[PDB]
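As structure tokens, one chain now follows by itself in the form deposited in one PDB entry.
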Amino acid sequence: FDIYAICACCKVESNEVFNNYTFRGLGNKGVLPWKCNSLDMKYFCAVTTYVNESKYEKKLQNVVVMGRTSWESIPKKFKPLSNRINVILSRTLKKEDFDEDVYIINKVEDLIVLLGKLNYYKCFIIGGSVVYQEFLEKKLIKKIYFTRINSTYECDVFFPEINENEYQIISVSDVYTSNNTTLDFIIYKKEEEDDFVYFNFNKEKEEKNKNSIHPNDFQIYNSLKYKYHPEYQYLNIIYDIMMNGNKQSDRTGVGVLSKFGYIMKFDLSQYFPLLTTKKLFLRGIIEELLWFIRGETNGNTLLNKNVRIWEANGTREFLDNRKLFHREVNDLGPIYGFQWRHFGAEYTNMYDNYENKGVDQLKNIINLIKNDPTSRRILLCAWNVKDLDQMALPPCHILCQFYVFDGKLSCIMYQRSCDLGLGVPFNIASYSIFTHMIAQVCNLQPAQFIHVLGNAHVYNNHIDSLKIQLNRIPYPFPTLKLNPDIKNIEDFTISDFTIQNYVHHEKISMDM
């Protein structure tokens, strides 16, 4: 045969449980719910008007089976769909009641009777509330090329549920922005080569591939053919460490799997990389970032806002094993906050007015982005080697470095100690926000947030949790709204931060 569908589906207007079905809304008043989508249009056009030279025998053009439902909706300029063999499932009207150089049908089976008689490459099913429906009910559809507009609109029609048992995903594209929404494209479904083998003559065998994880558990992960969604930069590092990672016991007498040296790149112009295979929260961490800009080392400011990210490191007992016997509870010492605004100054306590003592890097980096964008000395370093001893712990995040090309701002953050299961997910969120923040106050469009992992580890009792995680297919990323009016780094407040269209899988306890 060679029959395929191809839909575009947004989310429907009326705690929320998201699932594949979330994305159903197909039409609103005989048109799309969204007024236009350039990138979706282009994808659909490239898909439906591509033909491979060879692959026939086993010009040459594709079929596009729409219905009266759909056909009529299309303007006259595009019609009859450029470079395609159009077809129209209408009971109502015959070839006598239409203009263009089309073919008609009436029954579902009268497509079989037309197709067995025709020259083509591939057969695409373009649209119809019911034109998808009865095609699934009559197991006729091989793959579904399915676009997810990751925003919410009013609709009157849907796309029918999809049987987990009948159809499964085998490809997830890169995530894009276009027409002020994110979207991605997925696929549902029912002599110099032996040279490769010779060059692999020295790798692991079959039971030497270090670690006692299982294939059987990663059924759905190992299945996916193209893993181009950028959440897979995180997921494949979980998969690299799990399978190839060195077993170490640490300081505490616990147990991790560790590798050394990874780099993730996230394009903030196209999405906000808030991992989608588990629920994440950003109030906790946006408030940590504001606390940093304000220059605080005061455990209490965060505790009183029920941000407990540092509670553990402020206790009488934790400071005392650092040898900080002269340190008030929740006085974390010269940490992120102090080093950013007062680097070099002598630290006294967390209450002291430090104004105009030390190096205000944050101001410096910002003036350098504005004054000298082509500089290669735009670093923000929290690892003061004089003050490490004095900190409740040394910075986990060593440095941000900045790059400006064509009014556009990228950011590498180098991390010395990466807990892949809990921390990294938040860490990717934090320095992403900061990059938007610095971009806005510097009149620049965010480009890539770039994350270098040093000691990258997965804790032994996060593993069953992460297996569950690897086997969940990423949803399209959300977007981050910064209040456009804010234009100094100190003038930001929690309410200037909005996450739009966060579609996500169920919460997971990395634990127990």
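Residues that one form lacks are left out of the comparison. Residue indices: 1-based, along the sequence shown. Superpose the two forms; the largest set of C-alphas matching within 1.5 Å is the rigid core.
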Original post:
At least a third of the other compared entries leaving residue 500 unmodelled, is that the case?
Top reply: no
Original post:
Relative to the other compared entries, is residue 20 without coordinates in a third or more of them?
Top reply: no
Subject >> Absent coordinates between residue 386 and residue 387 - deposited residues affected, binned into four classes >> reply: none
Original post:
Averaging C-alpha B-factors over each stretch, which comes out higher, 32-40 or 472-480?
Top reply: 32-40
Subject >> Mean temperature factor over C-alpha atoms, higher-scoring stretch between 272-280 and 404-412 >> reply: 272-280
**OP:** Have a look at 192, 174, 287, 296 and flag the one whose Cα has the highest B-factor in the entry.
**Re:** 192
Subject >> From 62, 460, 445, 455, residue of greatest CA B-factor >> reply: 62
Subject >> Chain-relative CA temperature factor third for residue 88 >> reply: highest
**OP:** Using the B-factor values recorded in the entry, state whether the Cα atom of residue 12 falls in the lowest, middle or highest third among the modelled residues of its chain.
**Re:** highest
Original post:
Of the three thirds of its chain by CA temperature factor, lowest, middle or highest, which one includes residue 79?
Top reply: highest
Original post:
Lowest, middle or highest third of the chain for the C-alpha temperature factor of residue 179?
Top reply: middle
**OP:** Pull the Cα B-factor of residue 355 out of the PDB entry and bin it into the chain's lowest, middle or highest third.
**Re:** middle
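Form deposited in another entry: not shown, discussed below.
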Original post:
Tell me, which of 250, 100, 320, 406 is the one whose C-alpha shifts by at least 2 Å between the shown form and the other one, with the rigid core superposed?
Top reply: 100
**OP:** Return yes or no for residue 91: a CA shift of at least 2 Å between the shown form and the other one, with the rigid core superposed?
**Re:** no
Original post:
Core-aligned, is the CA shift for residue 376 between the shown form and the other one 2 angstroms or more?
Top reply: no
**OP:** Align both forms on the core first, then report whether residue 210 has a C-alpha shift of 2 Å or more between the shown form and the other one.
**Re:** yes
**OP:** Answer with closer or farther for the CA-CA spacing of residue 235 and residue 211 in that other deposited form compared to the shown form; it moves by 3 Å or more.
**Re:** farther
Original post:
Where do residue 213 and residue 209 end up in that other deposited form, Cα atoms closer or farther than shown, with a change of 3 Å or more?
Top reply: closer
Original post:
What runs of three or more residues stand out between the shown form and the other one, with each Cα shifted 2 Å or more once the rigid core is matched?
Top reply: 95-101, 135-137, 206-211
